[PDB]
Amino acid sequence: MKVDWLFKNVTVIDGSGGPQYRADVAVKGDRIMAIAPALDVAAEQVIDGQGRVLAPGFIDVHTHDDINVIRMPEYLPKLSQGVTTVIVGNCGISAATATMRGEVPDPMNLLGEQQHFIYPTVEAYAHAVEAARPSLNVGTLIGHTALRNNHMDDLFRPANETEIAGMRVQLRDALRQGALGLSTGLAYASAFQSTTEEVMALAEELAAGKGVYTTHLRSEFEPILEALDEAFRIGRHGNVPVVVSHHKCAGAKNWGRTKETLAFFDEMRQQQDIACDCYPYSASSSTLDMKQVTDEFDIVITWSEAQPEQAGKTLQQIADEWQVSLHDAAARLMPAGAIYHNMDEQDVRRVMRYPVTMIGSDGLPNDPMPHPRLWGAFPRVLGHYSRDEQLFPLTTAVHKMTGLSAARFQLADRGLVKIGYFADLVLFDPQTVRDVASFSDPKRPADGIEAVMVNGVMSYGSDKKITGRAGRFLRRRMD
Ligand code: NI
Ligand code: NI
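In the authors' numbering, the protein residues as written are 1 to 479.
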């Protein structure tokens with residue numbers, strides 16, 4: 001057969017976590033059409049893949065790209081990492097189905113401003129995505145807080161029955177239109193007052209395979225076990241799978257406690273379906289907030305409106321230079337952004353190695369000085385953690401950003417190098433793949449990503465130029 005693309009002599013890491021092997025892989029249209037020890041076929045395009053890995057396109061299961069992927073369809077921060085699908089609508093906030101009857105509630109402002117929320121149904125969001133012709137695929141969760149906001153006159157209280165019944169119906173229609181499930185962000189003020197019962201009511205719409213429950217826990221600090229217990233209870237009430245978003249033990253007092261949380265996962269996964277994702281860094285990044293100020297670890301200023309030349313220094317250094325207290329120095333920097341070294345590297349590694357842990361970047365594309373995970377999460381797992389630190393073999397590393405993720409979120413025919421699946425594919429050099437993005441210089445494309453293919457269209461390459469606009473809106477696999 002004449003094929004469109006032939007990948008010769010590649011090490012296939014097929015996304016299942018199984019062993020690797022060498023083969024030729026052929027693509028025709030948007031489908032992987034053949035895999036064999038060799039394929040003696042004429043192709044429009046041939047790539048000698050010797051010495052490279054052919055993997056499924058990476059699936060970023062934790063993004064806030066809802067609106068930005070439409071505004072910047074040639075979505076370089078993710079595509080240059082090898083990402084071919086983004087899952088949007090996380091932590092309780094989604095553009096899809098969100099109507100703004102007034103002020104935009106925190107943290108929906110991470111996605112955009114009031115005027116950008118013009119997608120009152122999943123259907124409307126889907127067609128807006130495809131009108132933008134993005135370079136990677138998009139699927140969406142439905143944001144719990146966005147639903148709250150559609151139905152409640154004020155967010156800072158438990159919802160009443162009538163409000164919750166409305167939310168159930170709106171979520172049902174969204175899942176019918178292909179939404180992948182429901183996200184919560186229960187630690188945020190705008191959802192913190194919700195009861196477990198309210199969330200249970202919405203999670204019930206997910207039963208019988210209609211989606212996954214993903215959750216930013218009600219707390220990622222001291223009471224994290226209690227918050228984990230609530231998530232699992234919600235999962236058991238609805239009989240729905242749970243994904244714990246960006247699982248971490250934050251704060252010096254909780255360092256080492258992933259030994260406890262993952263033990264809780266072990267125990268509870270014996271009776272229900274639970275997974276999680278994490279980003280592969282032990283520092284967080286946010287606005288500089290007085291309540292976060294501490295001398296327990298480095299706080300590094302990323303930018304400061306009040307004193308822009310202090311960026312790059314630690315809060316302690318700045319306080320010492322100014323001869324003031326940490327809090328006084330904080331006040332004099334604000335408004336500012338900061339990196340918080342408030343996670344323990346061993347915790348992050350324990351969570352990354354946990355068998356059901358997926359990789360998500362949790363990138364924030366509207367941040368003025370972005371955390372480098374926005375540009376580096378996936379090559380950082382393949383290069384720094386798998387190759388250099390040997391946290392897991394490369395087949396496992398790829399598994400955690402492809403087949404595992406596609407299965408958990410019910411993406412049809414994606415996440416595996418498999419005959420008959422869609423041709424979302426990454427060709428990368430395993431010896432040189434690496435996250436170039438750094439905290440001081442975050443907006444930098446990875447190295448070692450040699451070709452990225454989306455729905456059979458070659459879209460990105462070693463010259464760092466985008467050449468395809470073949471992304472689609474992905475609907476949940478229906479039964
Ligand atoms: Ni979150
Ligand atoms: Ni998030």
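Note that the Cβ used here is the ideal one computed from N, Cα and C, for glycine as well.
Remark: the shortest separation between the CB of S245 and any heavy atom of ligand 1 falls under 7 Å.
According to DSSP, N137 shares a beta bridge with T85.
By the CB criterion at 8 Å, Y354 and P280 fall outside the cutoff. When only Cα atoms are considered, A26 and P430 end up about 21 Å apart. Segment contact: the stretch 15-26 against the stretch 393-404, three or more CB-CB distances shorter than 8 Å; contact assigned. The continuous beta strand (DSSP E) containing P56 extends over residues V53 to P56. Taking every protein chain shown into account, the CB of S440 has fewer than 16 other CB atoms within 10 angstroms, so this residue is exposed.
Straight across, the Cα-Cα distance linking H62 with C249 is about 18 Å. Under the DSSP definition of a beta bridge, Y21 partners with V12. Straight across, the Cα-Cα distance linking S284 with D266 is about 26 Å. Contact between the stretch 42-50 and the stretch 86-103 is absent: fewer than 3 CB-CB pairs across the two stretches fall below 8 Å. Within the stretch 356-389, the complete beta strand (DSSP E) runs of at least 3 residues fall at 357-359.
Cβ contact annotation for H237 (same chain, cutoff 8 Å, sequence separation greater than five): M200, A203 and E204, in chain order. Summarising the contact set, residues whose Cβ lies nearer than 5 Å to any heavy atom of ligand 1 are, in chain order, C91 and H216. In the DSSP secondary-structure assignment, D277 is bridged to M358. The alpha-carbon of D173 is positioned some 45 Å away from that of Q390. Residue state for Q45 is assigned as strand, using DSSP reduced to three classes. Ranked by Cα distance from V243, the first of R469, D24 and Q410 is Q410. For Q170, same chain residues with a beta-carbon under 7 Å away, outside a window of 5 residues either side, are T97, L147 and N150 in chain order. Residue environment: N109 is assigned as exposed (fewer than 16 neighbouring CB atoms within 10 Å of its CB, all protein chains considered). Contact check for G57 and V452: beta-carbon distance about 7 Å, within the 8 Å limit, so the pair qualifies. In the structure shown, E260 adopts helical secondary structure according to DSSP, grouped into three states. Relative to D413, the option among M72, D30 and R349 whose CA is nearest is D30.
Note that the C-beta distance between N90 and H64 is below 8 Å. Burial is judged here by how many other beta carbons sit within 10 angstroms of a residue's own beta carbon; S438 has fewer than 16 and is exposed. With a threshold of 7 Å, the Cβ atom of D362 counts as near ligand 2, since some heavy atom of the ligand is closer than that. Remark: the C-beta of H62 is in contact range of ligand 2, defined as less than 7 Å to any heavy atom. Secondary-structure assignment with DSSP links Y213 through a beta bridge to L182 and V242. The C-alpha of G139 is placed about 12 Å away from the C-alpha of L175.
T357 is the residue among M458, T214 and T357 whose C-alpha sits nearest the C-alpha of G403. A residue is called buried once 16 or more other Cβ atoms fall within 10 Å of its Cβ, and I359 is buried on that count. Contact between the stretch 32-39 and the stretch 367-383 is absent, with fewer than three C-beta pairs closer than 8 Å.
In chain order, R332, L333, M334, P335 and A336 place their CB closer than 8 Å to the CB of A306, counting only its own chain and leaving out the 5 sequence neighbours on each side.
Within the stretch 384-422, the runs of alpha helix (DSSP H) that reach at least 4 residues and sit entirely inside it are, in chain order, 394-399 and 403-409. Comparing C-alpha distances from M478 to each of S94, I32 and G178 shows the shortest one belongs to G178. At the C-beta level, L54 and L374 stay beyond 8 Å of one another.
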